[PDB]
> 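Quick one: this structure, given as structure tokens, is what I'll be asking you about.
Indexing begins at 1, ligand by ligand and atom by atom, following the structure's order. Every chain is numbered from 1 and lettered A, B, ... according to where its sequence line falls, protein lines coming before strand lines.
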Amino acid sequence: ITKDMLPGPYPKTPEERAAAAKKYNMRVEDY
Amino acid sequence: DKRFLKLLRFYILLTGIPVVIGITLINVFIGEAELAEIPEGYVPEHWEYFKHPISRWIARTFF
Amino acid sequence: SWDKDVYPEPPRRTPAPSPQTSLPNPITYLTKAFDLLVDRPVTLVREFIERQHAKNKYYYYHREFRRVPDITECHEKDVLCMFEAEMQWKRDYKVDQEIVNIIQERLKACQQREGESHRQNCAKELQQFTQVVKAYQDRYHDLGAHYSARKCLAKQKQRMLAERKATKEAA
Amino acid sequence: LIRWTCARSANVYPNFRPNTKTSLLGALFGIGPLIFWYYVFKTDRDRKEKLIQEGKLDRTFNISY
Amino acid sequence: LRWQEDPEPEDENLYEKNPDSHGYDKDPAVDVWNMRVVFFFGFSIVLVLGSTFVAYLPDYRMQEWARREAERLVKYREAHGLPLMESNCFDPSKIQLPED
Amino acid sequence: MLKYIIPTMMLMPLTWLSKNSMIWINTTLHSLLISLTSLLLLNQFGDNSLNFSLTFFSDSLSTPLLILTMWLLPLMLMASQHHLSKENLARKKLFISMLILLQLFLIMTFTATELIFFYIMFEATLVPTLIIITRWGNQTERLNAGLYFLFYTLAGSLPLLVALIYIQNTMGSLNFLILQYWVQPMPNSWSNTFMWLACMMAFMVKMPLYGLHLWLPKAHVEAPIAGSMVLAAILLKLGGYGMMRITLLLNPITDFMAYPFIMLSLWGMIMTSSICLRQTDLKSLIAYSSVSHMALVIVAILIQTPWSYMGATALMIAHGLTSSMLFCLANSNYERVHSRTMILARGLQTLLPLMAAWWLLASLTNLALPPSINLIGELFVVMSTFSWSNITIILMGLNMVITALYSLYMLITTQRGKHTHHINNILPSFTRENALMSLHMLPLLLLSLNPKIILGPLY
Amino acid sequence: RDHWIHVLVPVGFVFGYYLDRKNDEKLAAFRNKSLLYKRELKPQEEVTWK
Amino acid sequence: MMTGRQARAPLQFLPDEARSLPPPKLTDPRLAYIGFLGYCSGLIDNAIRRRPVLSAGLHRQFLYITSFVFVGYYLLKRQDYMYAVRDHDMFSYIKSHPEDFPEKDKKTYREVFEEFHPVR
Amino acid sequence: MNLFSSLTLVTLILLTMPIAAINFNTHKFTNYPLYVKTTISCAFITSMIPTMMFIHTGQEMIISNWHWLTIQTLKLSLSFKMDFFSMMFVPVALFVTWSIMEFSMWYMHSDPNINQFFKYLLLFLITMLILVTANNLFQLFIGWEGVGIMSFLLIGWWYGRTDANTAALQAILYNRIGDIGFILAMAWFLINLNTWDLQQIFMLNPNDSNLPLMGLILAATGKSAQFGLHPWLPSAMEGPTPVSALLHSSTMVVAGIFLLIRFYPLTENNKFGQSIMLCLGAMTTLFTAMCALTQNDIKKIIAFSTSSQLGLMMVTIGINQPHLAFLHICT
Ligand SMILES: CCCCCCCCCCCCCCCCCC(=O)OC[C@H](COP(=O)([O-])OCC(O)COP(=O)([O-])OC[C@@H](COC(=O)CCCCCCCCCCCCCCCCC)OC(=O)CCCCCCCCCCCCCCCCC)OC(=O)CCCCCCCCCCCCCCCCC
Ligand SMILES: CCCCCCCCCCCCCCCCCC(=O)OC[C@H](COP(=O)([O-])OC[C@H](O)COP(=O)([O-])OC[C@H](COC(=O)CCCCCCCCCCCCCCCCC)OC(=O)CCCCCCCCCCCCCCCCC)OC(=O)CCCCCCCCCCCCCCCCC
Ligand SMILES: CCCCCCCCCCCCCCCCCC(=O)OC[C@H](COP(=O)([O-])OCC[N+](C)(C)C)OC(=O)CCCCCCCCCCCCCCCCC
Ligand SMILES: CCCCCCCCCCCCCCCCCC(=O)OC[C@H](COP(=O)([O-])OCC[N+](C)(C)C)OC(=O)CCCCCCCCCCCCCCCCC
Ligand SMILES: CCCCCCCCCCCCCCCCCC(=O)OC[C@H](COP(=O)([O-])OCC[N+](C)(C)C)OC(=O)CCCCCCCCCCCCCCCCC
């Protein structure tokens with residue numbers, strides 16, 4: 001486990017939302 | 001777990017059975033004291049106010 | 001045994017066995033079986049142990065604390081006198097605790113012994129219990145966990161001021 | 001699982017903003033019950049002390065406290 | 001890349017090299033003697049002798065004395081008609097009240 | 001008390017001159033001998049406290065805390081010798097020296113006849129605990145946890161220093177035996193209000209009070225197992241000991257200064273038990289359970305009736321043994337699954353049946369099953385708080401319901417259900433682990449037979 | 001002694017017990033002087049407690 | 001505070017009236033603690049130079065112990081002297097000023113009225 | 001006197017002996033369930049003699065054999081009340097438990113932890129006879145919490161099953177809610193009467209006993225599955241069948257009813273408490289027997305049957321007929 005696999009702040013840009021949706025192992029449209 | 005229970009029971013009984021047998025020997029042969037009034041002019045020892053022999057031994061030796 | 005004065009018991013009155021039926025009751029046969037199988041071997045082993053006690057007799061004594069000066073005749077902040085007074089007060093407090101325990105034992109033993117007519121037949125024990133709990137409550141209640149002889153004397157002085165004021169205003 | 005536990009405990013305060021909703025929920029759920037039980041127990045104990053110092057509360061066999 | 005670091009060592013099993021491990025040490029004689037020291041000096045000494053020692057404390061905080069003394073005092077002041085306890089802890093003769 | 005201070009200091013050459021494979025066995029053996037010797041402090045009297053010297057004494061309050069303290073050292077050495085097995089020999093001897101030195105500070109903390117000696121020893125117990133947490137703690141948060149542990153205690157205790165030196169200048173002495181006879185009433189003023197706060201807030205932090213407890217579920221979690229044992233079993237009870245000494249001087253102002261803190265603790269025992277219902281960390285669940293149990297001890301000291309002090313000292317000893325055993329059970333699973341997440345290792349009764357029996361008994365003592373001294377202390381505190389106010393029975397009963405709920409939820413979550421499939425390093429229970437569990441539980445059960453030696457100065 | 005390290009803590013306890021019994025001699029200003037326990041001395045006895 | 005006392009005779013470490021006082025015994029626990037500090041200084045001195053801690057430089061460890069005991073003995077003599085001076089000045093000032101130290105009329109607790117505050 | 005008290009204590013010590021046997025074992029037993037069944041049969045035999053010599057005279061005694069503790073005015077002793085209630089409930093519970101264990105030797109035969117099951121079932125019996133023979137509220141609380149914890153351990157017997165763990169935690173939840181009122185009653189009697197002993201409670205005989213009787217009604221609602229605190233008992237059918245048959249039909253679930261019958265000299269003098277018990281028992285016996293009409297699991301139907309009969313027992317306590325209620329327990 002490392003830093004970019006831990007939860008972060010609230011996503012505001014859609015690429016931060018896509019990176020978080022990749023992080024939680026789920027679809028961007030379902031996240 | 002069975003080895004731990006065997007060792008636990010062994011190391012409890014190892015001194016528990018001599019303590020129980022020794023307390024039985026004390027309470028039969030040595031035995032409990034009798035409540036008497038203090039004789040005149042006699043100042044009792046501090047361990048002579050206690051009833052059971054082991055309590056007397058504790059209050060005499062340690063306390 | 002014990003002292004029959006401090007733990008009183010009214011005398012036992014058991015009735016004679018007056019059986020009406022012809023079938024033998026199992027209780028007498030089990031009582032004879034208890035006497036033969038249990039009570040006589042217990043009595044023999046106890047007699048052996050009592051002989052071993054009688055081989056070497058020795059005694060323990062009741063520790064007599066002589067009365068030291070109490071807190072009222074001790075000077076303020078005089079620790080050598082008020083220490084002795086405080087130890088006297090604490091021993092008296094613990095003895096009064098055991099007195100209330102003895103009277104509770106009398107009351108509960110009376111209730112069980114008198115059985116169903118306990119409300120009538122235990123009026124004297126209830127009266128003694130009410131009196132000793134009144135005295136204990138006037139003497140030691142509401143002192144707090146940091147109780148001392150100073151607290152108890154201050155409570156007594158407050159109560160005696162209240163009683164003197166109530167007797168003064170009634171005249 | 002590590003991500004869930006780190007969200008549940010270790011990442012809560014860095015993702016906190018003191019605003020209207022959080023301050024009103026922190027005042028209502030934080031000092032609300034304290035003030036409530038304070039006035040309840042203060043009312044009950046003032047009533048009990050007033051009945052005791054008037055001799056009105058029946059305290060006959062109360063010697064354990 | 002990132003710096004020069006040893007990898008995470010695997011957690012050792014005490015039962016692989018010693019199937020009779022009591023879990024104290026990987027040296028088996030040290031392990032068995034730690035077992036005997038722990039078991040003897042805790043259970044055979046402190047638990048057993050302390051249960052005996054607490055069991056035979058010489059009238060711990062004088063409760064038995066206080067019961068026997070209270071029996072003596074009640075046996076006294078029943079025979080003399082005195083009340084079993086006064087509501088005054090101290091004699092009212094030896095108390096000066098504040099006058100009013 | 002010098003016959004206990006000197007062997008505890010002689011444990012230092014005993015741990016530095018021992019052979020390199022013998023440094024656990026020798027310290028365990030001789031600390032068990034000191035724990036055997038601790039029982040001579042039961043020479044207590046109904047009127048007088050056992051007063052040794054000008055510096056040391058022991059009433060019936062300090063005596064059970066002393067016996068628990070001297071009993072806790074071999075068990076900490078047993079608990080902490082497996083995860084410090086691969087440690088350097090010098091750092092291992094330093095860990096054992098910090099444990100021995102913390103015991104050395106505690107055994108003359110509880111026996112301090114004079115209160116500034118109590119303060120010096122009381123704040124001296126921070127330094128080995130801080131070194132243990134911030135040095136042999138496992139995760140990253142141990143440094144922050146050491147900061148919180150240090151700077152809540154000193155923030156609370158440096159007003160206590162000014163308060164005690166003020167009492168030293170006013171009464172002329174901080175001897176507790178002299179202050180039993182020279183105590184004056186503390187009337188209502190703002191000066192005496194802040195006097196009360198300065199005398200009480202340090203111990204409120206150490207208990208911990210609800211709202212000031214935030215040092216605790218980081219210091220108790222991020223410590224190693226010996227640190228968690230000593231913090232849960234003795235170092236919370238330093239606060240209750242100091243309260244029971246220092247509330248001699250704070251009358252009658254405590255009778256209305258206690259209300260906010262009684263509200264904080266009566267509501268904190270509800271809130272921290274509710275927090276225990278929703279913990280994912282098992283070790284944090286035991287930490288908030290410790291806050292929930294010490295809230296009752298705070299209420300019992302602040303209402304200052306005899307039943308409340310008896311229940312508070314019984315509950316302090318009972319909670320020391322129970323919480324130390326719960327942390328040791330948590331460590332026994334952490335040394336196998338390497339995670340403190342409670343939902344990870346499940347179904348462990350299918351794998352470790354006798355260790356699950358130890359889980360069952362520690363969860364039963366946690367929920368105050370009679371006739372354990374847990375229930376004795378719990379029950380006497382409930383009696384005294386009912387006599388305080390009749391409406392506190394609602395909060396006490398609701399706390400007991402939530403306490404049974406999180407105790408058996410902990411048991412069911414870790415021990416029952418289907419086991420976790422992908423975990424296959426679940427070793428059998430070592431003899432060291434089961435011996436540690438039994439040396440916690442068996443004194444806690446034997447104390448139900450003769451419970452009068454843990455009911456304080458006013459049994 | 002081959003096992004000389006096992007007499008550090010027991011001799012430490014003996015030494016602490018000796019120093020406690022020594023300090024009890026320095027705290028003897030009220031030996032047989034307390035109003036609760038003062039008494040005439042028995043023969044072949046010079047102090048009431050040691 | 002006491003700086004006008006030791007101003008008639010300046011820079012005297014131990015004055016001539018310090019000899020009327022009993023010296024500390026050489027088995028003083030304070031002086032034994034200072035000797036323990038000498039032993040600890042010897043151990044730190046062997047440790048910082050990476051010598052064997054208990055074995056190396058026993059002459060040096062012994063000179064540490066001896067030097068700390070030697071300094072601390074005179075320090076304890078001056079300590080006991082200055083506290084004796086403090087008590088001597090206290091008692092002479094109380095004796096010279098009886099109007100400022102009245103002998104207090106001590107009442108017993110039968111006359112002392114303390115307000116009782118119930119814990120209920 | 002000597003026969004009555006001796007066989008009284010020999011019954012309980014005989015029931016505690018197989019607990020020492022299962023704890024001091026090294027081998028696999030020579031049929032330990034047969035040993036515990038034989039022990040409980042012989043304990044039934046031992047308990048029949050004080051029952052017969054109660055039926056002869058009405059002989060009752062208190063055995064306060066062991067001084068345990070004295071909290072300044074509360075001398076807590078190990079005290080055994082051998083009255084009508086103990087003399088009629090101990091042989092009924094031993095006879096029923098003997099039949100339940102001979103059923104258990106057949107039903108629970110393929111279980112590889114059968115010795116633990118018989119250990120747990122005997123521990124329930126020991127705690128229940130601690131409850132029904134106790135003379136003070138502390139020892140009664142010991143038996144009370146003991147049958148609660150053995151209820152937990154025997155509902156969640158198949159502990160891999162989620163529903164068993166859930167129903168056991170449910171039963172602990174409702175019983176601790178009843179324990180709130182139990183500890184309310186203990187607190188009231190200690191503060192206002194300075195006792196936990198039943199004798200001083202009955203001899204002081206308080207008049208303002210509304211609040212302690214409300215606490216006792218809450219304790220019986222938690223323990224005897226009355227309305228509001230009822231649903232743990234139908235969930236409690238998740239354990240094995242002899243667990244249901246012994247504990248949750250006949251022996252454990254009558255303990256709150258036994259608690260309110262045990263305080264009959266206080267419930268006979270309080271019409272408000274009698275009305276509360278009457279309305280609560282009628283509510284329970286309506287609602288649970290109404291639930292039983294359309295159930296399909298057989299053990300749920302019999303659990304709603306026994307909670308309807310507990311509601312009927314609470315009714316007949318409420319009509320100032322406590323001995324009919326205790327007769328209905330033993331029936
Ligand atoms: C037994 C071994 C077990 C295994 C060994 C290992 C045990 C474990 C390790 C223990 C280590 C030590 C632990 C610390 C404790 C130390 C001892 C102590 O403090 O004891 C305290 C306490 C006081 O002892 P004391 O202060 O020395 O005695 C004071 C007296 O002044 C003195 O009294 P006395 O002088 O008058 O009495 C002297 C007594 C000696 O004293 C003792 O024995 C007492 C000391 C032993 C204590 C052992 C405790 C061990 C634990 C016991 C409990 C668990 C056991 C296992 C499970 C059992 C089943 C449950 O003499 C005898 O026993 C001889 C009489 C025997 C009578 C029976 C036979 C009579 C008929 C014979 C017929 C054949 C011959 C006829 C013809 C002859 C012709 C010549 O002793 C006991 O408690 C003894 C135990 C028995 C008590 C009563 C038992 C029945 C109670 C039933 C009702 C209450 C419970 C109800 C519950 C029901 C369910 C809810
Ligand atoms: C001073 C002399 C004293 C002598 C008498 C001693 C008095 C009791 C001391 C402590 C007794 C418990 C310790 C053993 C159990 C823990 C380890 C374990 O699991 O063993 C299972 C194991 C047999 O099981 P296994 O199938 O082989 O393996 C385990 C399974 O894998 C899986 O295991 P499992 O789940 O199938 O089985 C566990 C089972 C699970 O069952 C339960 O957890 C149910 C228990 C709670 C409900 C029932 C009890 C409710 C309360 C009523 C009883 C107390 C008052 C009674 C009086 C009348 C009313 C006032 O628990 C039990 O069977 C425990 C029986 C005794 C229960 C005592 C209360 C424990 C509950 C929690 C605290 C309650 C308040 C405190 C009470 C303190 C009373 C003294 O036992 C042994 O091998 C025994 C080893 C040796 C034990 C020695 C105990 C005493 C040591 C003291 C040493 C120093 C003094 C010298 C005297 C020595 C006498 C021998
Ligand atoms: C102490 C404060 C710190 C706490 C931690 C301490 C850690 C260090 C530990 C040191 C050693 C231990 C010290 C405490 C020891 C406590 C034990 C002790 O001394 O007890 C004395 C108690 C004292 O009882 P007592 O006060 O009545 O003793 C009578 C007094 N004399 C002996 C002088 C006449 O001993 C007993 O009770 C012995 C009774 C016999 C043995 C037990 C029989 C009952 C067992 C169960 C029977 C079946 C019941 C049904 C249930 C079935 C199962 C569910
Ligand atoms: C855990 C963190 C918080 C800890 C809180 C600790 C308690 C809070 C209150 C502490 C007050 C300061 C100590 C008071 C000592 C009283 C001694 C005394 O004689 O008092 C009577 C004296 C009376 O003066 P006197 O003694 O000179 O006069 C004689 C008495 N009369 C007046 C009757 C003639 O009180 C004072 O002089 C002032 C007392 C109040 C001081 C207020 C300053 C501090 C404010 C609170 C700071 C709290 C910590 C903040 C930082 C936390 C960390 C970042
Ligand atoms: C198999 C082993 C059994 C024993 C075999 C060997 C002996 C053979 C037969 C002879 C019997 C032994 C000699 C006689 C027995 C001792 C007689 C005696 O005076 O003993 C002293 C006393 C009798 O009481 P006591 O009143 O004299 O002393 C109490 C002590 N003080 C006063 C200091 C408080 O102790 C015992 O007998 C101990 C046995 C206790 C039995 C019950 C254990 C209960 C276990 C659970 C504890 C928790 C309950 C909490 C709740 C209680 C209710 C509120």
> Identify, for atom 56 (C) of ligand 2, the protein heavy atom at the shortest distance, and state residue, atom and that distance.
I/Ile130 CD1, 4.1 Å
> Which atom pair, heavy atoms only, marks the closest approach of F/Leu360 to F/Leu411?
CD1-CD2, 3.7 Å
> Would you say E/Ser51 and ligand 2 have an N/O pair spaced under 3.5 Å apart?
no
> Does the protein put a heavy atom less than 4.0 Å from atom 5 (C) of ligand 5?
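So far as the 4.0 Å threshold goes, atom 5 (C) of ligand 5 is out of reach of every protein heavy atom.
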> I need the nearest protein heavy-atom contact for atom 63 (O) of ligand 1: residue, atom name and distance, please.
B/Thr24 CG2, 4.9 Å
> Give a yes or no on whether atom 21 (C) of ligand 5 lies under 4.0 Å from any heavy atom of the protein.
no
> Could you pull out, from B/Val20, I/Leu78, B/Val28, F/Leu446, the option with a heavy atom nearest to atom 1 (C) of ligand 1?
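Closest candidate by heavy-atom distance is B/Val20.
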> Can you check whether I/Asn23 has an N/O within less than 3.5 Å of an N/O in ligand 2?
yes
> Closest by any non-hydrogen atom to atom 100 (C) of ligand 1: pick that one out of I/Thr127, I/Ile130, B/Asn27.
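The nearest heavy atom belongs to I/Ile130.
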> Would you mind checking which non-hydrogen protein atom is closest to atom 79 (C) of ligand 2, with the distance to 0.1 Å?
F/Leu445 O, 4.3 Å
> If you look at every heavy atom in I/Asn65 and I/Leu78, which pair is closest and at what distance?
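Here I/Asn65 and I/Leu78 meet closest at OD1-O, 2.9 Å.
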> Any protein heavy atom sitting closer than 4.0 Å to atom 47 (C) of ligand 5?
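Within 4.0 Å of atom 47 (C) of ligand 5, protein heavy atoms are found.
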> Taking the six-membered ring for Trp and the full ring for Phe, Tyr or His, determine whether the centres of B/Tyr49 and E/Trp65 are under 6.0 Å apart.
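Aromatic pair excluded; centres sit 6.0 Å or further apart.
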> Give the residue, atom name and distance (to 0.1 Å) of the protein heavy atom nearest atom 60 (C) of ligand 1.
I/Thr16 OG1, 3.5 Å
> Could you check atom 34 (C) of ligand 5 against the protein and tell me its nearest heavy-atom contact, residue, atom and distance included?
I/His67 ND1, 3.5 Å
> Protein heavy atoms near atom 2 (C) of ligand 5, is at least one of them under 4.0 angstrom away?
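Given the 4.0 Å limit, the answer for atom 2 (C) of ligand 5 is no, no protein heavy atom qualifies.
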> Considering all protein heavy atoms, does one lie under 4.0 Å from atom 51 (C) of ligand 5?
yes
> To check your reading of the model: name the closest protein heavy atom to atom 42 (C) of ligand 2, its residue, and the distance in Å.
I/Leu153 CD1, 3.9 Å
> Any idea which atoms of ligand 2 are less than 4.0 Å away from a heavy-atom of I/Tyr120?
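So the answer, numbered in order with elements, is 34 (P), 35 (O), 36 (O), 40 (C), 41 (O).
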> Which residue owns the protein heavy atom closest to atom 94 (C) of ligand 2, what's the atom, and how far is it?
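Scanning the protein heavy atoms, the shortest distance from atom 94 (C) of ligand 2 goes to F/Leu446 CD1, 3.7 Å.
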> Could you check whether atom 38 (C) of ligand 5 has a protein contact, counting only heavy atoms that fall below 4.0 angstrom?
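Flag for atom 38 (C) of ligand 5 set to true, protein heavy atom closer than 4.0 Å.
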> Salt-bridge test for I/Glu145 and I/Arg176: reply yes if a basic N is under 4.0 Å from a carboxylate O, no otherwise.
yes
> Quick test of your reading of the structure: of C/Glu47, B/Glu32, C/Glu50, C/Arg46, whose heavy atom lies closest to atom 34 (P) of ligand 1?
C/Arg46
> Determine if the distance from atom 14 (C) of ligand 2 to the closest protein heavy atom is below 4.0 Å.
no
> Write out the residue and atom name of the closest protein heavy atom to atom 52 (C) of ligand 2, then the distance separating them to 0.1 Å.
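The protein heavy atom lying closest is I/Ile142 CG2, 3.8 Å.
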> Heavy atom to atom 50 (C) of ligand 2, shortest distance: which of I/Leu140, I/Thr127, I/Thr16, I/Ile149 holds it?
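The nearest heavy atom belongs to I/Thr127.
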> Does some non-hydrogen atom of the protein lie less than 4.0 angstrom from atom 60 (C) of ligand 2?
yes
> Answer yes or no: does an N/O atom from B/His52 fall short of 3.5 Å to an N/O atom of ligand 1?
yes
> Determine whether the side chain, the backbone, both or neither of B/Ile26 has a heavy atom under 4.0 Å from any heavy atom of ligand 1.
neither
> Protein heavy atom under 4.0 angstrom of atom 68 (C) of ligand 2, is there one?
no
> Say whether I/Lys119, considering both its backbone and side-chain N or O atoms, lies within less than 3.5 Å of an N or O atom on ligand 2.
yes
> Name the closest protein heavy atom to atom 24 (O) of ligand 1, giving the residue it belongs to and the distance to 0.1 Å.
E/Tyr56 OH, 3.5 Å
> Quick one: does atom 77 (C) of ligand 2 have a protein heavy atom under 4.0 Å from it?
yes
> Do protein heavy atoms approach atom 27 (O) of ligand 2 to less than 4.0 Å?
yes
> Any idea which atoms of ligand 5 are less than 4.0 Å away from a heavy-atom of I/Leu78?
42 (C), 53 (C)
> Kindly state if atom 99 (C) of ligand 2 has a protein heavy atom within a strict 4.0 Å cut-off, that is, under 4.0 Å?
no
> Give the atom numbers and elements of ligand 2 that come within less than 4.0 Å of a heavy atom of F/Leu364.
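Selected atoms, number and element: 43 (O).
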> Hey, is atom 24 (O) of ligand 5 under 4.0 Å from any protein heavy atom?
yes
> Less than 4.0 Å from atom 13 (C) of ligand 5, is there any heavy atom belonging to the protein?
no
> In the protein, what heavy atom is nearest to atom 44 (C) of ligand 2, and what distance, to one decimal place, separates them?
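Scanning the protein heavy atoms, the shortest distance from atom 44 (C) of ligand 2 goes to I/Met150 SD, 3.6 Å.
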> Would you mind checking which non-hydrogen protein atom is closest to atom 88 (C) of ligand 2, with the distance to 0.1 Å?
B/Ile12 CD1, 4.1 Å
> Check each atom of ligand 1 against the heavy atoms of I/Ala20 and keep those under 4.0 Å away; list them by number with element.
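Near I/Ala20, the atoms of ligand 1 are 57 (C).
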> Do me a favour and list the nearest non-hydrogen protein atom to atom 31 (O) of ligand 2 with residue, atom name and distance?
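Going by distance alone, atom 31 (O) of ligand 2 is nearest to F/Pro353 CB, 3.6 Å.
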> Could you list the atoms of ligand 5 found under 4.0 angstrom from a heavy atom of F/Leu449?
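So the atoms of ligand 5 that pass are 45 (C), 47 (C).
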> Taking only non-hydrogen atoms of I/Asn65, do any sit less than 4.0 angstrom from ligand 1?
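So I/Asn65 counts as touching ligand 1.
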> Any protein heavy atom sitting closer than 4.0 Å to atom 52 (C) of ligand 1?
no
> Could you tell me which non-hydrogen atom of E/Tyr56 sits nearest to which non-hydrogen atom of B/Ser55, and how far apart they are?
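Closest pair (atom of E/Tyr56, atom of B/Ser55, distance): O-OG, 3.1 Å.
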> Testing B/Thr15, B/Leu13, B/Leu8, B/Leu7 one by one against B/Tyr11 for a side chain to side chain contact (heavy atoms under 4.5 Å, CB included), which residue passes?
B/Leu7
> For atom 98 (C) of ligand 1, what is the closest protein heavy atom, and at what distance to 0.1 Å?
I/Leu12 CB, 3.6 Å
> For B/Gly31 and B/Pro53, work out which heavy atoms get closest and say how close.
O-CG, 3.3 Å
> For atom 48 (C) of ligand 2, is the nearest protein heavy atom closer than 4.0 Å?
yes
> I need the nearest protein heavy-atom contact for atom 11 (C) of ligand 1: residue, atom name and distance, please.
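I find the closest protein heavy atom is B/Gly16 CA, 3.8 Å.
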> Within 4.0 Å of atom 9 (C) of ligand 1 (strictly less), any protein heavy atom?
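Given the 4.0 Å cut-off, atom 9 (C) of ligand 1 counts as touching protein heavy atoms.
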> Using protein heavy atoms only, decide if any is under 4.0 Å from atom 81 (O) of ligand 1.
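It does not; no protein heavy atom is within 4.0 Å.
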> Going by heavy-atom distance to atom 54 (C) of ligand 5, choose the closest among I/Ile142, I/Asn65, I/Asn136.
I/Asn136
> With heavy-atom distances below 4.0 Å as the criterion, list the atoms of ligand 2 near F/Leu354.
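Selected atoms, number and element: 18 (C), 19 (O), 29 (C), 31 (O).
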> Below 4.0 Å from ligand 5: does a non-hydrogen atom of I/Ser77 turn up there or not?
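It does, in that a heavy atom of I/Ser77 comes within the 4.0 Å cut-off of ligand 5.
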> Under 4.0 Å from a heavy atom of F/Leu442: which atoms of ligand 2 are those, numbered in the order shown and with their elements?
13 (C), 91 (C)
> Hey, which atoms in ligand 5 end up nearer than 4.0 Å to a heavy atom of I/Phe138?
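Heavy-atom distances to I/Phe138 below 4.0 Å select 51 (C), 54 (C).
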> Any idea which atoms of ligand 2 are less than 4.0 Å away from a heavy-atom of F/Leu361?
16 (C), 43 (O), 70 (C), 71 (C), 72 (C)
